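Down below is the structure, laid out as structure tokens.
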Ligand SMILES: Cc1cnc2c(cnn2CC(=O)O)c1
């Protein structure tokens, strides 16, 4: 199947028509997405099959064909870009200054951008084009807006 | 069975639309991978 680096839509034909359930990143021969998008299921790419290789429900991440390859991190100061891939819509870069998720185990970057549920797995990038994490696991704050963690393996 | 479709290159876009705020929120992460607001 298609193994060229890039951003991809995760689709299913089990529901009505073709529905986009999420997004992922192909890099160095490994496909990276969020666990809640595929639930660890195998994926089809053309005539080929991608099998899960590593996953963890608590991190909400899964990799296929090999181990997690994305190791860039937000520097805590600079603006980033959400390369949003919404259902039925073209990939679009949105620039933002991340906020912070303060946890008992440390801090995590957060992006306050609202997109449909099937945009989960869209990569967040630094100025150099490196994926610093995936968008799609976060919280709904006081006045119904969405804030996603910058989730990295 | 789920399938993947290419959607684009991963590149920084010079002069992209800049939006969104930077909130600082206290959160908890449970065993199910769900984030919640600590109050
Ligand atoms: C990307 C994303 C994912 N889930 C979201 C949002 C906003 N609310 N939710 C909850 C849900 O629809 O289940 C955005």
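Residue numbers (the deposited numbering), protein chains in the order written: chain B, 16 to 168; chain A, 50 to 88. Ideal Cβ placement from N, Cα and C applies to all residues, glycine included.
Is residue i near ligand 1, judged by its Cβ being under 7 angstroms from some heavy atom?
i	result
residue 125 (chain B)	no
residue 85 (chain A)	no
Shorter than 8 angstroms from the beta carbon of residue i to some beta carbon of chain B?
i	result
residue 54 (chain A)	yes
residue 88 (chain A)	no
Per DSSP, what kind of secondary structure is residue i in: helix, strand or coil?
i	result
residue 25 (chain B)	strand
residue 18 (chain B)	coil
residue 132 (chain B)	helix
residue 53 (chain B)	helix
residue 115 (chain B)	strand
residue 158 (chain B)	coil
residue 145 (chain B)	coil
residue 106 (chain B)	coil
residue 45 (chain B)	strand
Measure from the C-beta of residue i to each C-beta in chain A and report whether the shortest distance is under 8 angstroms.
i	result
residue 165 (chain B)	no
residue 77 (chain B)	no
residue 162 (chain B)	yes
residue 44 (chain B)	no
residue 113 (chain B)	yes
residue 73 (chain B)	yes
residue 109 (chain B)	yes
residue 118 (chain B)	yes
residue 23 (chain B)	yes
For residue i and residue j, what's the separation of their Cα atoms in angstroms?
i	j	result
residue 131 (chain B)	residue 113 (chain B)	19 angstroms
residue 75 (chain B)	residue 99 (chain B)	18 angstroms
residue 68 (chain B)	residue 48 (chain B)	12 angstroms
residue 166 (chain B)	residue 62 (chain B)	30 angstroms
residue 22 (chain B)	residue 144 (chain B)	12 angstroms
residue 91 (chain B)	residue 72 (chain A)	13 angstroms
residue 76 (chain A)	residue 151 (chain B)	16 angstroms
residue 88 (chain B)	residue 147 (chain B)	5 angstroms
residue 33 (chain B)	residue 156 (chain B)	31 angstroms
residue 110 (chain B)	residue 139 (chain B)	9 angstroms
residue 108 (chain B)	residue 40 (chain B)	15 angstroms
Legend entry - Residues proximal to ligand 1 by C-beta, any heavy atom closer than 6 angstroms: Taking each Cβ in turn, the ones that pass are B:130, B:132, B:134, B:135, B:151, B:155 and B:161.
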